[PDB]
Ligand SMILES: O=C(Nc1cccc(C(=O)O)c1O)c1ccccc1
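Heads up, the chain below is alone and in the form deposited without the ligand; it's given as structure tokens.
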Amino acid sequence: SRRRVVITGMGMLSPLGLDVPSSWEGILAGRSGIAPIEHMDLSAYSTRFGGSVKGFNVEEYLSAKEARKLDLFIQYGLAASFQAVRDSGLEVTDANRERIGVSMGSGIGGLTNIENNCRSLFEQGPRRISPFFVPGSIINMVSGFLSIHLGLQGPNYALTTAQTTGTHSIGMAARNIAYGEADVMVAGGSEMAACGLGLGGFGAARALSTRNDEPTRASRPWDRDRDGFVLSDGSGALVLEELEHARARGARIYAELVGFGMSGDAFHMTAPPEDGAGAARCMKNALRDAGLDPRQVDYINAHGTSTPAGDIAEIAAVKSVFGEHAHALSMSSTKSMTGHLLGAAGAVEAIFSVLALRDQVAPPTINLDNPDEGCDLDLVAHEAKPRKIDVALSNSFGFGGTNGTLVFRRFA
């Protein structure tokens, strides 16, 4: 029936680093990747900081010429994907290229490119719109360009489920493998929404922290003084592989992907229900998918965005799903350090969950100085905590009330 799926390669760009090891080093050290934004003038904006990718060199991956045609979200997605494939040791050949697919998504996609082309249109006229505008801006072009560059001929698609994108991308890619549509998938997400429209759009909704004087303290999930999320950029990609395929080529296996859950809240467009009912159904779906007792869960990488309503909803959802075991597991939000990578959040957080398994350590929730009312679980405040972790869960919730949960397990 259903085939087993393992993780054999990972890649990342984040506010903490230009690859996985550097990012993870920052995570375990409790380092913030958040700083005043330097690439544009935000004097007129209520939020002037976020998580930028620092010192990205696209020329390690693509020619300058090729890169100029592509929005940053595509460049970031390609970088993460190339890293992951290299990390996997996979060799693409005529014998396997039809069995290797890609599903790299984004929540917002090419907003910066669209903005720049809109500026050209309004100020100069339609003949200043780039000939590469459409292919350089649409969300499926990470999958498109990766497939072209590596020669991948398997299932080729992209999800866009807002802040849940990365999680859904990885889960659905795993389903393709489990049900025999592919043997390998490169999956994850990328995001670069740090332009006027992005900061201004989230600003207009009053969704962002406005702690401009102390950006590194802004993202503080479950803390009583939290005041909205921190906008961040980057990408995560995983090479998912059928177990026997991985074993046959002597691949290094990080972990097994054992469970995937989805649900819809059917509640509100931008706010979760206070009781976290949809998130609870999603996690339960994922645990039953994995054939697990909830007591087997050791670590949860929370969605944990540093919003008042969101953070408390997750606590409620975890208490509902896990009962008294909610007090035995460890749960943390790495968004405390990275900020919120939107569509890429689930991808980078899947990577962190896998590394939590590899290194047997719960990443910290930094800035958790004063836990809010009811936020009385082990939230790994301040410092990384070495502990036994056999099963790790990663949650993402997004606009439209779209939920995703991934369950990873140590592989023996």
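Numbering starts at 1 and runs along the sequence shown.
Just so it is clear, the following notes concern the form solved in complex with the ligand, a form of the same protein that is not shown.
Transferring the ligand from its position in the deposited bound form by superimposing the C-alphas around the site leaves no ligand atom within 2.4 angstroms of any backbone or C-beta atom here, which marks the site as open. For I253, no non-hydrogen atom is located within 4.5 Å of the ligand in the deposited bound form, even though that partner is not displayed. In the deposited bound form, at least one heavy atom of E60 sits within 4.5 Å of a heavy atom of the ligand.
Remark: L150 counts among the residues lining the ligand in the deposited bound form, judged by a heavy atom distance of 4.5 Å or less. Looking at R249, you'd find every heavy atom of it more than 4.5 angstroms from the ligand in the deposited bound form. None of 83-91, 121-129, 291-299, 233-241 except one has non-hydrogen atoms within 4.5 angstroms of the ligand in the deposited bound form; the exception is 83-91.
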